[PDB]
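See below for start12.txt, which holds compact mmCIF, N, CA and C atoms and all ligand atoms.
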```
# COMPACT_ATOMS: atom_id res chain seq x y z
N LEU Z 7 194.75 89.00 -14.41
CA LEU Z 7 193.95 89.25 -15.64
C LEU Z 7 194.71 90.05 -16.72
N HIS Z 8 194.31 89.86 -17.98
CA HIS Z 8 194.99 90.46 -19.14
C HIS Z 8 194.03 91.22 -20.00
N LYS Z 9 194.45 92.39 -20.44
CA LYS Z 9 193.68 93.15 -21.42
C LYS Z 9 194.03 92.69 -22.83
N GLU Z 10 193.01 92.47 -23.65
CA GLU Z 10 193.15 92.01 -25.06
C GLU Z 10 192.45 92.98 -25.99
N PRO Z 11 192.94 93.12 -27.23
CA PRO Z 11 192.32 94.01 -28.16
C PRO Z 11 190.91 93.62 -28.63
N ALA Z 12 190.12 94.64 -28.92
CA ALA Z 12 188.85 94.49 -29.61
C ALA Z 12 188.55 95.82 -30.35
N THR Z 13 187.59 95.82 -31.28
CA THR Z 13 187.13 97.05 -31.88
C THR Z 13 185.60 97.07 -31.76
N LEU Z 14 185.06 98.27 -31.67
CA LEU Z 14 183.63 98.44 -31.65
C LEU Z 14 183.04 98.05 -33.02
N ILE Z 15 181.99 97.23 -32.99
CA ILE Z 15 181.15 97.06 -34.18
C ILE Z 15 179.89 97.94 -34.01
N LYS Z 16 179.18 97.81 -32.88
CA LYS Z 16 177.97 98.59 -32.70
C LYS Z 16 177.59 98.67 -31.23
N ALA Z 17 177.16 99.83 -30.78
CA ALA Z 17 176.58 99.93 -29.44
C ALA Z 17 175.28 99.16 -29.39
N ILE Z 18 174.93 98.66 -28.22
CA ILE Z 18 173.64 98.04 -28.01
C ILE Z 18 172.87 98.75 -26.88
N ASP Z 19 173.29 98.57 -25.62
CA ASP Z 19 172.64 99.26 -24.52
C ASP Z 19 173.66 99.45 -23.37
N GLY Z 20 173.17 99.69 -22.17
CA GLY Z 20 174.05 100.13 -21.09
C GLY Z 20 175.09 99.11 -20.69
N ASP Z 21 174.71 97.88 -20.78
CA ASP Z 21 175.61 96.82 -20.35
C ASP Z 21 175.99 95.76 -21.40
N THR Z 22 175.61 95.95 -22.65
CA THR Z 22 176.02 95.11 -23.75
C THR Z 22 176.49 95.98 -24.95
N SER Z 23 177.44 95.42 -25.68
CA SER Z 23 178.01 96.06 -26.86
C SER Z 23 178.46 94.97 -27.82
N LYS Z 24 178.43 95.28 -29.13
CA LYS Z 24 178.90 94.34 -30.14
C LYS Z 24 180.29 94.76 -30.52
N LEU Z 25 181.25 93.85 -30.27
CA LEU Z 25 182.65 94.10 -30.50
C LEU Z 25 183.22 93.03 -31.38
N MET Z 26 184.30 93.37 -32.08
CA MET Z 26 185.05 92.35 -32.79
C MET Z 26 186.24 91.93 -31.94
N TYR Z 27 186.33 90.64 -31.65
CA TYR Z 27 187.29 90.05 -30.72
C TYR Z 27 187.86 88.83 -31.45
N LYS Z 28 189.19 88.82 -31.55
CA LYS Z 28 189.95 87.81 -32.35
C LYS Z 28 189.36 87.72 -33.73
N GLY Z 29 188.92 88.86 -34.26
CA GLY Z 29 188.43 88.92 -35.62
C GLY Z 29 187.01 88.46 -35.84
N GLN Z 30 186.27 88.17 -34.77
CA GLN Z 30 184.89 87.63 -34.85
C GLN Z 30 183.95 88.58 -34.15
N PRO Z 31 182.75 88.77 -34.72
CA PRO Z 31 181.74 89.61 -34.05
C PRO Z 31 181.17 88.91 -32.86
N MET Z 32 181.11 89.60 -31.72
CA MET Z 32 180.53 89.01 -30.51
C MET Z 32 179.76 90.07 -29.72
N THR Z 33 178.66 89.67 -29.14
CA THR Z 33 178.00 90.54 -28.17
C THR Z 33 178.70 90.30 -26.83
N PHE Z 34 179.15 91.38 -26.18
CA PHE Z 34 179.72 91.32 -24.86
C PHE Z 34 178.77 91.90 -23.83
N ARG Z 35 178.59 91.16 -22.73
CA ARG Z 35 177.85 91.60 -21.56
C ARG Z 35 178.88 91.95 -20.45
N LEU Z 36 178.72 93.12 -19.90
CA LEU Z 36 179.65 93.65 -18.88
C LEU Z 36 179.51 92.83 -17.60
N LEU Z 37 180.65 92.33 -17.11
CA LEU Z 37 180.68 91.62 -15.80
C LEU Z 37 180.31 92.49 -14.65
N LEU Z 38 179.60 91.91 -13.69
CA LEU Z 38 179.40 92.43 -12.32
C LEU Z 38 178.49 93.66 -12.26
N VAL Z 39 177.79 93.97 -13.36
CA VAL Z 39 176.86 95.11 -13.33
C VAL Z 39 175.49 94.75 -13.88
N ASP Z 40 174.55 95.66 -13.60
CA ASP Z 40 173.24 95.63 -14.24
C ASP Z 40 172.79 97.06 -14.50
N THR Z 41 172.66 97.39 -15.76
CA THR Z 41 171.96 98.63 -16.13
C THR Z 41 170.46 98.42 -16.30
N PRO Z 42 169.65 99.48 -16.10
CA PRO Z 42 168.21 99.38 -16.43
C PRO Z 42 168.02 99.14 -17.93
N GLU Z 43 166.94 98.46 -18.30
CA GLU Z 43 166.64 98.17 -19.72
C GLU Z 43 166.26 99.51 -20.34
N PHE Z 50 166.46 99.64 -21.65
CA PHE Z 50 166.19 100.92 -22.31
C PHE Z 50 164.79 101.45 -21.97
N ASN Z 51 163.83 100.53 -21.85
CA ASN Z 51 162.44 100.84 -21.47
C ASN Z 51 162.24 101.40 -20.05
N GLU Z 52 163.24 101.26 -19.19
CA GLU Z 52 163.10 101.55 -17.75
C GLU Z 52 163.73 102.91 -17.43
N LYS Z 53 163.46 103.42 -16.23
CA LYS Z 53 164.07 104.66 -15.79
C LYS Z 53 165.60 104.55 -15.70
N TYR Z 54 166.27 105.58 -16.18
CA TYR Z 54 167.74 105.60 -16.40
C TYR Z 54 168.30 104.68 -17.46
N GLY Z 55 167.42 103.89 -18.11
CA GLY Z 55 167.82 103.01 -19.22
C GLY Z 55 168.40 103.77 -20.39
N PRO Z 56 167.67 104.79 -20.87
CA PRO Z 56 168.24 105.59 -21.94
C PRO Z 56 169.58 106.24 -21.59
N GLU Z 57 169.70 106.71 -20.35
CA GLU Z 57 170.87 107.43 -19.90
C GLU Z 57 172.06 106.45 -19.78
N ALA Z 58 171.79 105.24 -19.31
CA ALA Z 58 172.86 104.21 -19.31
C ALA Z 58 173.31 103.81 -20.69
N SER Z 59 172.35 103.55 -21.56
CA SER Z 59 172.70 103.27 -22.97
C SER Z 59 173.58 104.36 -23.56
N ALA Z 60 173.15 105.62 -23.39
CA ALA Z 60 173.88 106.74 -23.94
C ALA Z 60 175.30 106.86 -23.36
N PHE Z 61 175.39 106.59 -22.07
CA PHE Z 61 176.66 106.69 -21.40
C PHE Z 61 177.68 105.67 -21.98
N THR Z 62 177.27 104.43 -22.04
CA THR Z 62 178.07 103.37 -22.64
C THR Z 62 178.41 103.66 -24.10
N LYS Z 63 177.39 104.01 -24.87
CA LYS Z 63 177.62 104.31 -26.28
C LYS Z 63 178.69 105.36 -26.49
N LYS Z 64 178.60 106.44 -25.74
CA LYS Z 64 179.57 107.51 -25.88
C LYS Z 64 180.95 107.08 -25.45
N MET Z 65 181.04 106.40 -24.29
CA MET Z 65 182.32 105.96 -23.82
C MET Z 65 183.03 105.02 -24.79
N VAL Z 66 182.30 104.08 -25.38
CA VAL Z 66 182.96 103.10 -26.26
C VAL Z 66 183.22 103.69 -27.64
N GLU Z 67 182.32 104.51 -28.17
CA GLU Z 67 182.48 105.08 -29.54
C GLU Z 67 183.60 106.11 -29.60
N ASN Z 68 183.83 106.81 -28.49
CA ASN Z 68 184.79 107.92 -28.49
C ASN Z 68 186.20 107.41 -28.24
N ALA Z 69 186.33 106.15 -27.80
CA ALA Z 69 187.62 105.61 -27.44
C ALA Z 69 188.46 105.37 -28.68
N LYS Z 70 189.72 105.69 -28.59
CA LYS Z 70 190.64 105.29 -29.64
C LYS Z 70 191.03 103.81 -29.52
N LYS Z 71 190.97 103.29 -28.31
CA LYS Z 71 191.35 101.91 -28.01
C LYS Z 71 190.34 101.24 -27.09
N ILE Z 72 189.71 100.18 -27.59
CA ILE Z 72 188.87 99.34 -26.79
C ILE Z 72 189.66 98.06 -26.43
N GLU Z 73 189.49 97.63 -25.18
CA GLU Z 73 190.08 96.37 -24.73
C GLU Z 73 189.07 95.54 -23.97
N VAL Z 74 189.23 94.23 -24.06
CA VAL Z 74 188.42 93.33 -23.26
C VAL Z 74 189.31 92.56 -22.31
N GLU Z 75 188.80 92.37 -21.10
CA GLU Z 75 189.52 91.63 -20.08
C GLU Z 75 188.59 90.57 -19.53
N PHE Z 76 188.92 89.29 -19.74
CA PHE Z 76 188.14 88.19 -19.22
C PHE Z 76 188.60 87.98 -17.79
N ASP Z 77 187.68 87.48 -16.95
CA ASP Z 77 188.02 87.06 -15.63
C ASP Z 77 188.51 85.61 -15.63
N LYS Z 78 188.55 85.01 -14.46
CA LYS Z 78 189.10 83.65 -14.28
C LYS Z 78 188.16 82.50 -14.68
N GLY Z 79 186.87 82.79 -14.68
CA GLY Z 79 185.87 81.78 -14.92
C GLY Z 79 185.27 81.80 -16.32
N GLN Z 80 183.96 81.63 -16.40
CA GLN Z 80 183.39 81.38 -17.72
C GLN Z 80 183.47 82.67 -18.53
N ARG Z 81 183.75 82.49 -19.80
CA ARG Z 81 184.01 83.59 -20.71
C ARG Z 81 182.82 83.93 -21.63
N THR Z 82 181.84 83.00 -21.68
CA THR Z 82 180.59 83.18 -22.41
C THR Z 82 179.42 82.80 -21.49
N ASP Z 83 178.29 83.50 -21.58
CA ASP Z 83 177.13 83.05 -20.86
C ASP Z 83 176.26 82.10 -21.71
N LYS Z 84 175.13 81.73 -21.13
CA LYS Z 84 174.25 80.78 -21.74
C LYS Z 84 173.59 81.28 -23.04
N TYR Z 85 173.73 82.57 -23.31
CA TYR Z 85 173.17 83.16 -24.54
C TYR Z 85 174.29 83.30 -25.59
N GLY Z 86 175.51 82.89 -25.24
CA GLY Z 86 176.65 83.05 -26.14
C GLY Z 86 177.32 84.44 -26.07
N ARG Z 87 176.91 85.27 -25.11
CA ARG Z 87 177.55 86.57 -24.93
C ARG Z 87 178.86 86.43 -24.19
N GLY Z 88 179.88 87.18 -24.67
CA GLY Z 88 181.13 87.30 -23.98
C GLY Z 88 180.94 87.95 -22.64
N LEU Z 89 181.65 87.50 -21.61
CA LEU Z 89 181.56 88.10 -20.27
C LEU Z 89 182.92 88.72 -19.95
N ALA Z 90 182.96 90.04 -19.86
CA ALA Z 90 184.23 90.74 -19.70
C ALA Z 90 184.12 92.04 -18.99
N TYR Z 91 185.30 92.52 -18.53
CA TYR Z 91 185.48 93.92 -18.22
C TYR Z 91 185.92 94.63 -19.51
N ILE Z 92 185.27 95.76 -19.81
CA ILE Z 92 185.56 96.46 -21.05
C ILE Z 92 186.22 97.78 -20.71
N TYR Z 93 187.35 98.08 -21.35
CA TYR Z 93 188.09 99.33 -21.13
C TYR Z 93 188.04 100.22 -22.38
N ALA Z 94 187.88 101.53 -22.15
CA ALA Z 94 187.88 102.55 -23.21
C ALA Z 94 189.01 103.52 -22.89
N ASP Z 95 190.08 103.42 -23.67
CA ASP Z 95 191.29 104.21 -23.44
C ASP Z 95 191.76 104.10 -21.98
N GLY Z 96 191.77 102.85 -21.50
CA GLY Z 96 192.30 102.50 -20.19
C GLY Z 96 191.31 102.62 -19.05
N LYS Z 97 190.12 103.19 -19.31
CA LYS Z 97 189.11 103.41 -18.27
C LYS Z 97 188.07 102.29 -18.37
N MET Z 98 187.77 101.65 -17.23
CA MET Z 98 186.84 100.51 -17.24
C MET Z 98 185.40 101.01 -17.33
N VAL Z 99 184.71 100.60 -18.37
CA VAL Z 99 183.32 100.95 -18.53
C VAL Z 99 182.44 100.48 -17.38
N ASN Z 100 182.66 99.23 -17.02
CA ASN Z 100 181.89 98.66 -15.93
C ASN Z 100 181.92 99.59 -14.70
N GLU Z 101 183.15 99.93 -14.28
CA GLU Z 101 183.33 100.76 -13.11
C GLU Z 101 182.68 102.14 -13.29
N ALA Z 102 182.87 102.72 -14.44
CA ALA Z 102 182.38 104.07 -14.73
C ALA Z 102 180.86 104.17 -14.65
N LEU Z 103 180.16 103.18 -15.16
CA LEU Z 103 178.70 103.10 -15.04
C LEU Z 103 178.29 103.06 -13.58
N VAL Z 104 178.96 102.22 -12.81
CA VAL Z 104 178.62 102.08 -11.38
C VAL Z 104 178.88 103.41 -10.65
N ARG Z 105 180.01 104.04 -10.96
CA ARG Z 105 180.39 105.30 -10.29
C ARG Z 105 179.45 106.41 -10.60
N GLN Z 106 178.81 106.36 -11.77
CA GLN Z 106 177.84 107.40 -12.14
C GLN Z 106 176.41 107.10 -11.68
N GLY Z 107 176.22 106.02 -10.93
CA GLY Z 107 174.86 105.63 -10.57
C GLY Z 107 173.96 105.20 -11.74
N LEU Z 108 174.57 104.65 -12.78
CA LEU Z 108 173.84 104.22 -13.99
C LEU Z 108 173.81 102.68 -14.12
N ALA Z 109 174.48 102.01 -13.17
CA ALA Z 109 174.37 100.54 -12.98
C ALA Z 109 174.52 100.22 -11.53
N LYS Z 110 173.92 99.09 -11.14
CA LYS Z 110 174.12 98.45 -9.85
C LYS Z 110 175.12 97.30 -9.98
N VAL Z 111 175.94 97.12 -8.93
CA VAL Z 111 176.73 95.89 -8.85
C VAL Z 111 175.77 94.73 -8.73
N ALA Z 112 175.98 93.69 -9.53
CA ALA Z 112 174.99 92.62 -9.68
C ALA Z 112 175.64 91.42 -10.36
N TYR Z 113 174.94 90.27 -10.29
CA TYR Z 113 175.42 89.10 -11.00
C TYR Z 113 176.85 88.71 -10.60
N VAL Z 114 177.13 88.69 -9.30
CA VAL Z 114 178.41 88.42 -8.79
C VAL Z 114 178.52 86.95 -8.56
N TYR Z 115 179.06 86.25 -9.52
CA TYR Z 115 179.19 84.78 -9.41
C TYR Z 115 180.61 84.40 -9.04
N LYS Z 116 180.74 83.36 -8.22
CA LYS Z 116 182.08 83.01 -7.73
C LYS Z 116 183.06 82.65 -8.85
N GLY Z 117 184.29 83.14 -8.75
CA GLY Z 117 185.28 82.89 -9.81
C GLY Z 117 185.22 83.70 -11.09
N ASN Z 118 184.20 84.56 -11.25
CA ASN Z 118 184.29 85.71 -12.12
C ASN Z 118 183.99 86.98 -11.33
N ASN Z 119 184.75 87.21 -10.27
CA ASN Z 119 184.47 88.33 -9.40
C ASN Z 119 185.69 89.14 -8.98
N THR Z 120 186.72 89.17 -9.85
CA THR Z 120 187.99 89.82 -9.54
C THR Z 120 187.84 91.29 -9.17
N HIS Z 121 187.01 92.02 -9.90
CA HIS Z 121 186.86 93.47 -9.66
C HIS Z 121 185.68 93.82 -8.78
N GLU Z 122 185.17 92.86 -8.03
CA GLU Z 122 183.99 93.10 -7.19
C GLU Z 122 184.17 94.24 -6.19
N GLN Z 123 185.27 94.20 -5.47
CA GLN Z 123 185.43 95.20 -4.45
C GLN Z 123 185.64 96.63 -5.06
N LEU Z 124 186.39 96.70 -6.15
CA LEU Z 124 186.55 97.94 -6.87
C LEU Z 124 185.18 98.52 -7.22
N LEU Z 125 184.29 97.70 -7.79
CA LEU Z 125 183.00 98.19 -8.21
C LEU Z 125 182.09 98.52 -7.03
N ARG Z 126 182.16 97.76 -5.96
CA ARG Z 126 181.37 98.11 -4.78
C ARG Z 126 181.79 99.40 -4.13
N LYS Z 127 183.07 99.73 -4.23
CA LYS Z 127 183.53 100.99 -3.76
C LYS Z 127 182.94 102.14 -4.61
N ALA Z 128 182.85 101.94 -5.92
CA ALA Z 128 182.29 102.98 -6.82
C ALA Z 128 180.82 103.18 -6.52
N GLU Z 129 180.14 102.07 -6.28
CA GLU Z 129 178.70 102.11 -5.98
C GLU Z 129 178.47 102.89 -4.68
N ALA Z 130 179.30 102.66 -3.69
CA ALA Z 130 179.15 103.36 -2.43
C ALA Z 130 179.29 104.84 -2.62
N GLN Z 131 180.23 105.24 -3.44
CA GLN Z 131 180.43 106.65 -3.75
C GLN Z 131 179.26 107.25 -4.50
N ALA Z 132 178.79 106.54 -5.54
CA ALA Z 132 177.59 106.96 -6.28
C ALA Z 132 176.41 107.12 -5.38
N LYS Z 133 176.26 106.20 -4.43
CA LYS Z 133 175.10 106.22 -3.56
C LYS Z 133 175.19 107.39 -2.61
N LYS Z 134 176.38 107.64 -2.09
CA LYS Z 134 176.58 108.76 -1.15
C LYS Z 134 176.27 110.06 -1.88
N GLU Z 135 176.65 110.14 -3.16
CA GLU Z 135 176.40 111.36 -3.97
C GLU Z 135 174.94 111.48 -4.44
N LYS Z 136 174.14 110.47 -4.15
CA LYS Z 136 172.76 110.38 -4.62
C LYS Z 136 172.60 110.49 -6.14
N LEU Z 137 173.47 109.80 -6.89
CA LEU Z 137 173.49 109.95 -8.35
C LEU Z 137 172.50 109.04 -9.03
N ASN Z 138 171.74 109.61 -9.93
CA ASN Z 138 170.94 108.89 -10.87
C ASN Z 138 170.03 107.82 -10.24
N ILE Z 139 170.35 106.54 -10.36
CA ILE Z 139 169.55 105.47 -9.77
C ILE Z 139 169.36 105.71 -8.25
N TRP Z 140 170.36 106.31 -7.61
CA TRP Z 140 170.34 106.54 -6.15
C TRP Z 140 169.79 107.94 -5.77
N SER Z 141 169.15 108.59 -6.73
CA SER Z 141 168.62 109.95 -6.45
C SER Z 141 167.21 109.94 -5.86
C1 LIG O 1 176.24 89.44 -16.14
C2 LIG O 1 175.90 87.95 -16.28
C3 LIG O 1 174.63 87.60 -16.72
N1 LIG O 1 174.33 86.28 -16.86
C4 LIG O 1 172.95 85.88 -17.24
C5 LIG O 1 172.16 85.78 -15.96
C6 LIG O 1 170.81 86.22 -16.40
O1 LIG O 1 169.95 85.12 -16.84
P1 LIG O 1 168.37 85.32 -17.16
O2 LIG O 1 168.34 85.80 -18.61
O3 LIG O 1 167.95 83.86 -17.04
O4 LIG O 1 167.76 86.27 -16.19
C7 LIG O 1 171.05 87.21 -17.58
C8 LIG O 1 171.11 88.64 -17.18
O5 LIG O 1 171.48 89.49 -18.33
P2 LIG O 1 170.75 90.83 -18.71
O6 LIG O 1 170.83 91.73 -17.50
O7 LIG O 1 171.57 91.30 -19.90
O8 LIG O 1 169.34 90.45 -19.05
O9 LIG O 1 172.36 86.84 -18.02
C9 LIG O 1 175.31 85.31 -16.59
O10 LIG O 1 174.96 84.07 -16.68
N2 LIG O 1 176.53 85.63 -16.17
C10 LIG O 1 176.90 86.94 -16.00
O11 LIG O 1 178.03 87.18 -15.59
CA CA O 2 170.55 94.77 -17.92
```

As structure tokens, please, write out the structure in this file.
Ligand SMILES: Cc1cn([C@H]2C[C@H](OP(=O)(O)O)[C@@H](COP(=O)(O)O)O2)c(=O)[nH]c1=O
Ligand SMILES: [Ca+2]
Amino acid sequence: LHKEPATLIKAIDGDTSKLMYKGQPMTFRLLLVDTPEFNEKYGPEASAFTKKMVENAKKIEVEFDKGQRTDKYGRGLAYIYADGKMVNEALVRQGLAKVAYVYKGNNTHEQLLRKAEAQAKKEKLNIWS
């Protein structure tokens, strides 16, 4: 997999963000995770976590996996990095997302994220509290 440039246009919620990629505005949905909806418990905290991580970064990058790059809603499907740190992983490690939506051939970082989830769960963080 390869990291490619993007810039933040606007935060949305815990697992989606509006980024400019190859010069075009796109909504990106984070691979292999699920955050609670803003309306749900830990939803606000996940949104805030993502927003801060992406807004504070000097460098945003997107990394597509091996399979489909857009979902049925036209959202980009990627791993998103903020100054080299993977947002997807960070949400899972903080107990602010569950590993989810693991479809074959877009699952390169599955084991990495399941390891973070196990740690979050052992620590009883947030969703696991
Ligand atoms: C994360 C992800 C979601 N999706 C689709 C599945 C779900 O369809 P449904 O809308 O039919 O439930 C929806 C979940 O996204 P949200 O969690 O953003 O709602 O997005 C993909 O198709 N591929 C993916 O990799
Ligand atoms: Ca969600």

Excluding residue 34 (chain Z) and residues on its chain fewer than 2 positions from it, collect all residues at most 12 Å away from it, counting only C-alpha atoms, and give them as a ChimeraX atom specification. /Z:12-27,30-32,36-37,73-76,81-83,85-92,100

For region 117-129 of chain Z, take all atoms listed in the file, fit an axis-aligned box around them, add 8 Å to each of the six sides, then output centre and edge lengths in Å rounded to one decimal, as AutoDock Vina command-line options.
```
--center_x 183.2 --center_y 93.0 --center_z -7.9 --size_x 25.5 --size_y 36.3 --size_z 24.4
```

Report as a ChimeraX atom specification all protein, DNA and RNA residues lying within 8 Å of region 65-67 of chain Z, evaluated on all atoms listed in the file, omitting residues in the same chain fewer than 4 positions from it. /Z:14,17,59-61,71-72,93-95,99

Expected answer as a JSON list (two decimals) with N, CA and C atoms, in the frame of the given file: residues within 6 Å of ligand CA 2 (chain O), all atoms listed in the file:
```
[["chain", "number", "residue", "atom", "x", "y", "z"],
["Z", 21, "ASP", "N", 174.71, 97.88, -20.78],
["Z", 21, "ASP", "CA", 175.61, 96.82, -20.35],
["Z", 21, "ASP", "C", 175.99, 95.76, -21.40],
["Z", 40, "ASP", "N", 174.55, 95.66, -13.60],
["Z", 40, "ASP", "CA", 173.24, 95.63, -14.24],
["Z", 40, "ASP", "C", 172.79, 97.06, -14.50],
["Z", 41, "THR", "N", 172.66, 97.39, -15.76],
["Z", 41, "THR", "CA", 171.96, 98.63, -16.13],
["Z", 41, "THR", "C", 170.46, 98.42, -16.30],
["Z", 42, "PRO", "N", 169.65, 99.48, -16.10],
["Z", 42, "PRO", "CA", 168.21, 99.38, -16.43],
["Z", 42, "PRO", "C", 168.02, 99.14, -17.93],
["Z", 43, "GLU", "N", 166.94, 98.46, -18.30],
["Z", 43, "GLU", "CA", 166.64, 98.17, -19.72],
["Z", 43, "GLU", "C", 166.26, 99.51, -20.34]]
```

Per-residue DSSP, chain Z, filtered to strand (DSSP E), as an NGL selection string: :Z and (9-17 or 22-27 or 30-36 or 39-40 or 72-75 or 88-94 or 97-98 or 110-111)

Pick from Z:141, Z:106, Z:118, Z:131: nearest to ligand LIG 1 (chain O), with only N, CA and C atoms and all ligand atoms counted? Z:118

Please list as a VMD selection string every residue within 8 Å of residue 117 (chain Z), counting only N, CA and C atoms and excluding residues in the same chain fewer than 3 positions away. chain Z and resid 77 to 80 114 120

Excluding residue 54 (chain Z) and its own-chain neighbours fewer than 4 positions away, which residues fall within 8 Å of it when counting only C-alpha atoms? Please give them as a PyMOL selection string. chain Z and resi 42+50+58+108+138-139
